[PDB]
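From first to last, the protein sequence lines stand for chains L and H. Each residue of the first sequence is one higher than the last, beginning at 2 in PDB author numbering. When the letters of the second sequence are read in order and numbered with PDB author numbering, they come out as residues 2 to 141, 145 to 228. Even for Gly, the Cβ is constructed at its ideal location relative to N, Cα and C. As structure tokens, the structure follows; a few thoughts come after it.
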Amino acid sequence: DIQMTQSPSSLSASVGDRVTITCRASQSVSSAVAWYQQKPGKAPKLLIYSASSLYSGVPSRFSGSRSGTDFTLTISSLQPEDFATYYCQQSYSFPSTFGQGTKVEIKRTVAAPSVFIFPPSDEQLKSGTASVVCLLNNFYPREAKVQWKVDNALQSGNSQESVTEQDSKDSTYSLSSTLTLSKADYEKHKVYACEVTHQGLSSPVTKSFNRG
Amino acid sequence: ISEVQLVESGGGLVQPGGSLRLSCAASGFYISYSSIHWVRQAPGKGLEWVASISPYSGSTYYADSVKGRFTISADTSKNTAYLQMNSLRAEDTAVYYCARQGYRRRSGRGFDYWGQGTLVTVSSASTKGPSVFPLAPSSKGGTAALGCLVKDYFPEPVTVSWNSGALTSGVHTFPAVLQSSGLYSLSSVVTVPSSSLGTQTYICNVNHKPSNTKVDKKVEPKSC
RNA sequence: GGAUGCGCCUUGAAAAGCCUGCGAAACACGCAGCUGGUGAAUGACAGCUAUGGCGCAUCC
Ligand SMILES: CN1/C(=C/c2sc3ccccc3[n+]2CCCS(=O)(=O)O)Oc2ccccc21
């Protein structure tokens with residue numbers, strides 16, 4: 002089987018940067034190589050075919066090049082909507098094989114999150130569980146620390162986080178942290194707080210509410 | 002006119018060891034004169050080519066990880082390609098895409114059209130619909149945030165829209181998380197102007213197809 | 001929508017094999033002719049006729 006290996010596997014570049022992604026075939030493939038762009042959860046979109054031909058409708062900042070068994074996708078000047086995973090593919094011999102993908106992230110300036118806290122609904126409380134949600138909206142970089150406190154005691158092991166894909170216009174992230182408690186435990190305590198630490202904040206930001 | 006389209010169907014939850022077939026219904030071209038490929042993507046992982054069928058001859062090709070268990074075929078009368086999967090294993094769980102290899106003259110051997118993709122989950126677990134709870138805006145950056153929590157469903161996916169699709173600005177629908185219960189949950193939030201909380205209505209439309217759950221939950225502030 | 005005009009593609013290489021262009025065309029199937037060039041085993045072709053397409057420009 003022919004193997005395709007891209008380098009790097011992930012990269013972060015600023016708007017306007019020249020980005021180059023490389024892909025190496027283990028055996029000869031004679032420029033039967035295509036490049037695709039894939040947004041998260043969406044079908045891939047063809048960018049380059051026959052190693053170096055720009056597909057109809059693809060912006061001119063994308064180009065492809067061949068040198069022996071090494072193939073290069075170039076983005077001449079990176080745009081915020083170019084955040085994606087890029088894949089090479091050989092179609093010289095069956096079975097066809099894709100590269101492992103290179104994830105391209107847009108590096109931007111630091112942006113501090115806006116923090117919101119959400120108590121459980123009475124509707125959910127009827128069910129015996131309470132979910133407390135903390136929202137971190139429109140921040141950069143991705144790294145952030147969310148700490149839950151219940152009556153000033155630090156929580157551990159009872160929260161989970163999810164983070165959106167990078168925004169296509171402002172390159173920021175949003176993050177949710179969900180604290181899961183039994184109704185019993187929720188009703189035993191008063192102050193529910195999420196404390197957020199992030200590069201864009203001079204000191205941690207705490208959002209809280211009092212049950213009832 | 003007939004625009005080129007690939008519409009996949011047949012995805013869902015299936016027990017291991019069984020059989021499941023995916024369909025790829027083509028519009029706008031004659032499927033037996035084109036090359037059709039199946040490509041899959043396990044959650045969080047890379048694209049994996051799975052199989053293909055050649056124009057005019059109908060010759061079929063398969064990846065080793067799949068050969069002998071899957072069969073790709075085409076039906077001219079239905080203009081539809083198929084991926085028959087047998088002896089399903091957990092490693093087969095993935096979003097499956099069908100794709101058309103384009104016209105040599107215009108795009109070489111690149112895949113120029115793709116289906117929307119459909120999730121096949123190979124699991125022994127059972128189907129559970131979600132509960133939808135409001136995330137109410139608070140009484141206190146100039147704007148307000150609100151949302152809905154979609155908790156305890158299986159398998160993926162769920163779709164969420166706001167105001168039947170009229171509200172898209174400021175919406176963030178987070179990736180689902182797998183809870184320790186083995187069920188999924190996710191939140192969808194949107195930021196809106198505080199001044200409009202009394203006037204504008206905000207409804208979160210949640211659809212979980214594998215359980216025929218359609219919910220519309222209004223989100224208003226608490227009286228307090 | 002109608003006229004005209006321009007351009008382009010409609011292979012190349014031959015015993016075999018391999019490579020390659022076109023035909024919706026990776027395997028299987030199909031691809032007429034002329035002049036020159038090339039090949040002592042080498043894709044290396046140039047300009048065209050014919051037949052099928054495709055794009056651009058002018059004009060009513
Ligand atoms: C058959 N054969 C061969 C013939 C050759 S070499 C050559 C070189 C210059 C001019 C003519 C020419 N010719 C014949 C032309 C007839 S034609 O093919 O044009 O009809 O050379 C071979 C070398 C190895 C194995 C078989 C071989």
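Neighbouring residues, chain H, relative to residue i (Cβ below 8 Å)
{"i": "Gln161 of chain L", "result": "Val181, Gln183"}
{"i": "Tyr88 of chain L", "result": "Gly47, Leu48"}
{"i": "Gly102 of chain L", "result": "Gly47, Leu48"}
Neighbouring residues, chain H, relative to residue i (Cβ below 7 Å)
{"i": "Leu136 of chain L", "result": "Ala149, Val193"}
{"i": "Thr98 of chain L", "result": "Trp50"}
{"i": "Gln167 of chain L", "result": "Per Cβ cutoff of 7 Å: no residues; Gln167 of chain L is ~12 Å from chain H at best."}
Assigned exposure category for residue i - 16 Cβ within 10 Å defines buried
{"i": "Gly129 of chain L", "result": "exposed"}
{"i": "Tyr57 of chain H", "result": "exposed"}
{"i": "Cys228 of chain H", "result": "exposed"}
{"i": "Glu224 of chain H", "result": "exposed"}
{"i": "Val40 of chain H", "result": "buried"}
{"i": "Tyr34 of chain H", "result": "exposed"}
{"i": "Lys221 of chain H", "result": "buried"}
{"i": "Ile32 of chain H", "result": "buried"}
{"i": "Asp113 of chain H", "result": "buried"}
{"i": "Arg105 of chain H", "result": "exposed"}
{"i": "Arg107 of chain H", "result": "exposed"}
{"i": "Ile73 of chain H", "result": "buried"}
{"i": "residue 1 of chain L", "result": "With chain L represented from 2 up to 213, any question about residue 1 of chain L goes unanswered, as that position is not in the structure."}
{"i": "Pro41 of chain L", "result": "exposed"}
{"i": "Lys155 of chain H", "result": "buried"}
{"i": "residue 1 of chain H", "result": "Look at the range of chain H in this structure, 2 to 228, and you will see that residue 1 of chain H is not part of it."}
Amino acids of chain H, ordered along the chain, whose beta-carbon sits closer than 9 Å to that of residue i
{"i": "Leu55 of chain L", "result": "The premise fails here: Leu55 of chain L is roughly 10 Å from chain H at the closest Cβ pair, so nothing lies under 9 Å."}
Of the residues the options, the one placed nearest residue i, counting alpha carbons only
{"i": "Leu150 of chain H", "options": "H:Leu187, H:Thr195, H:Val96, H:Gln117", "result": "H:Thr195"}
{"i": "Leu23 of chain H", "options": "H:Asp93, H:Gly145, H:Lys226", "result": "H:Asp93"}
{"i": "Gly202 of chain H", "options": "H:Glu49, H:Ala148, H:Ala26, H:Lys68", "result": "H:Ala148"}
{"i": "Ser209 of chain L", "options": "L:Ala33, L:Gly100, L:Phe117, L:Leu12", "result": "L:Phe117"}
{"i": "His199 of chain L", "options": "L:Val134, L:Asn139, L:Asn153", "result": "L:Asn139"}
{"i": "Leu14 of chain H", "options": "H:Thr77, H:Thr217, H:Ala91", "result": "H:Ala91"}
{"i": "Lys213 of chain H", "options": "H:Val162, H:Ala52, H:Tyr83", "result": "H:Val162"}
{"i": "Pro121 of chain L", "options": "H:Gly116, H:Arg106, H:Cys152", "result": "H:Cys152"}
{"i": "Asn159 of chain L", "options": "L:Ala131, L:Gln38, L:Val192, L:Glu166", "result": "L:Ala131"}
{"i": "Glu144 of chain L", "options": "L:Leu126, L:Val197, L:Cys135, L:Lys104", "result": "L:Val197"}
{"i": "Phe99 of chain L", "options": "H:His38, H:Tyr188, H:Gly174, H:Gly18", "result": "H:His38"}
{"i": "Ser64 of chain L", "options": "L:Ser29, L:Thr23, L:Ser27", "result": "L:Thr23"}
{"i": "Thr103 of chain L", "options": "L:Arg25, L:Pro114, L:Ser32", "result": "L:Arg25"}
{"i": "residue 239 of chain H", "options": "H:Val181, H:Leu182, H:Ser192, H:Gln183", "result": "Lying before the first or after the last residue shown, residue 239 of chain H is absent from chain H, which here runs from 2 to 228."}
{"i": "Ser10 of chain H", "options": "H:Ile2, H:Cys99, H:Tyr157, H:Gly109", "result": "H:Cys99"}
{"i": "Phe178 of chain H", "options": "L:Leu182, L:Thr179, L:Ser163, L:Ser183", "result": "L:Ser163"}
Proximal chain L residues relative to residue i, where beta-carbon distance stays under 7 Å
{"i": "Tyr98 of chain H", "result": "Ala44"}
{"i": "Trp115 of chain H", "result": "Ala44, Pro45"}
{"i": "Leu153 of chain H", "result": "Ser132, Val134"}
Closer than 9 Å at the beta carbon, the chain L residues around residue i
{"i": "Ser108 of chain H", "result": "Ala35, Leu47, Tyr50, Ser51, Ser54, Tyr56, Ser57"}
Check your understanding: Does the region 203–216 of chain H come close enough to the region 167–186 of chain H that 3 or more CB-CB pairs lie under 8 Å?
Key -> yes
Practice item. Could you run through the region 43–65 of chain H and flag, in chain order, every residue whose CB is less than 8 Å away from some CB of chain L? Key: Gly47, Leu48, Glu49, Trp50, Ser53, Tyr62, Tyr63, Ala64, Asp65
Practice item. Would you list, in chain order, the members of the region 35–51 of chain L that have their beta-carbon closer than 9 Å to a beta-carbon of chain H? Key: So the list reads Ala35, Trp36, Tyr37, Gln39, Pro41, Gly42, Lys43, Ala44, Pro45, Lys46, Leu47, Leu48, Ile49, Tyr50, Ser51, given in the order they occur along the chain.
Check your understanding: Between the region 107–124 of chain L and the region 114–121 of chain H, do at least 3 Cβ pairs fall closer than 8 Å?
Key -> no
Check your understanding: Does the pairing of the region 5–16 of chain H with the region 158–178 of chain L give three or more beta-carbon distances under 8 Å?
Key -> no
Exercise for review: Specify whether the region 10–24 of chain L and the region 62–76 of chain L touch according to this definition: at least 3 beta carbon pairs, one from each stretch, less than 8 Å apart.
Suggested key: yes
Point to revise | Any 3 or more C-beta pairs closer than 8 Å across the region 85–100 of chain L and the region 143–150 of chain L | key: no
Check your understanding: In chain order, what residues of the region 129–154 of chain L put their CB closer than 7 Å to some CB of chain H?
Key -> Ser132, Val134, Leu136, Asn138
Practice item. Check whether the region 48–58 of chain L touches the region 20–40 of chain L, counting contact only when three or more Cβ pairs, one atom from each stretch, lie closer than 8 Å. Key: By the Cβ test, the region 48–58 of chain L is in contact with the region 20–40 of chain L, since at least three Cβ pairs between them sit closer than 8 Å.
Review point. Of the residues that make up the region 111–138 of chain H, which ones have a beta carbon closer than 8 Å to any beta carbon in chain L?
Key: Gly111, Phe112, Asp113, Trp115, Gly116, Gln117, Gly118, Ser132, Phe134, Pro135, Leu136, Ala137
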